[PDB]
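# Survey of secondary and tertiary structure
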Amino acid sequence: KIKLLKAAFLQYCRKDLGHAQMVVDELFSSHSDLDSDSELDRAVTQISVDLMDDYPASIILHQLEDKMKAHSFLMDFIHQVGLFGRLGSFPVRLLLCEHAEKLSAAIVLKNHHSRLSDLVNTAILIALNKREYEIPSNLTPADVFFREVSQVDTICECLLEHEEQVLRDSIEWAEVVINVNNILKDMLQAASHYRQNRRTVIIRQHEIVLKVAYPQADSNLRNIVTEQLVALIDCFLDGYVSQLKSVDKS
């Protein structure tokens, strides 16, 4: 229940200062716990994942860096107090920590890139999911577009298709369709190297392969190659993730 995940979230707060007291609330946990593997242990998985979702919901970059460290001393304050079980990945929702890590390095990889064309495709992507409070506070926001940034990729693609419907392709319009290719690419380069330090996502990639195919039909030589070394950089991350899921199941 909510009283429990608010008791370990209170023991992690003390797990930054000292441990002794927190190690006795994990010891009271193991004796007072259910201990029936098949779902009560996925009731404390649904707690460790509800606090990783809240350390991700948390100076907008230096503030999102402070949150990849926080979710790093939260993954170290789980390895010790242990926290050596539970896993409710199932369908759509341990791999869930790594995944929320990878998407916080994605949130810092598009925070490091802030220009007027992506900030516009982001404001179109957030006004579509819901309305924004107009008491200033207009990033228009990120702390919740992080726990769910996967969505600001399938929308900063629909804003390259409406910026391509007006592109009139004409050369400066095929330079704006590559600038986005380069960011979704090195945002997928940032999730790969965060796993080395260990059906909408995919559709938006097979959609920009085909739009990176329509453009090289009209493009100065050198440019048509750099967007080809790019769509080769991206296709090689999809085929690597279907290979890793194969090897996962047998």
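Each residue takes a number counted from 1 along its chain in the order the sequence is written, a numbering that need not match the entry; residues with no coordinates do not appear. Any value quoted here refers to the chains shown, not to the larger assembly they are part of. To obtain the side-chain values, all non-hydrogen atoms of the structure were used and water was disregarded. Residues with missing side-chain atoms are left out of burial classes, side-chain pairs and their counts.

### Some thoughts on the overall build of the chain
The helix count covers DSSP runs of H or I at least four residues long, the strand count covers runs of E at least two residues long, and both are numbered beginning at the N terminus. Looking only at helices and strands, the chain features twelve helices and zero strands. Ordered by position from the N terminus, the helices and strands of the chain form the series α-α-α-α-α-α-α-α-α-α-α-α.

### Re unusual backbone geometry
The omega angle of the peptide bond from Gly-82 to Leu-83 is 5°, so this bond is cis rather than trans. Position of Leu-83 among the secondary structure elements: in the loop between α5 (76-79) and α6 (95-107). The step from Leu-139 to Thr-140 runs through a cis peptide bond, and the omega angle for that step is 0°. Note that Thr-140 resides in the loop between α7 (118-126) and α8 (143-146).

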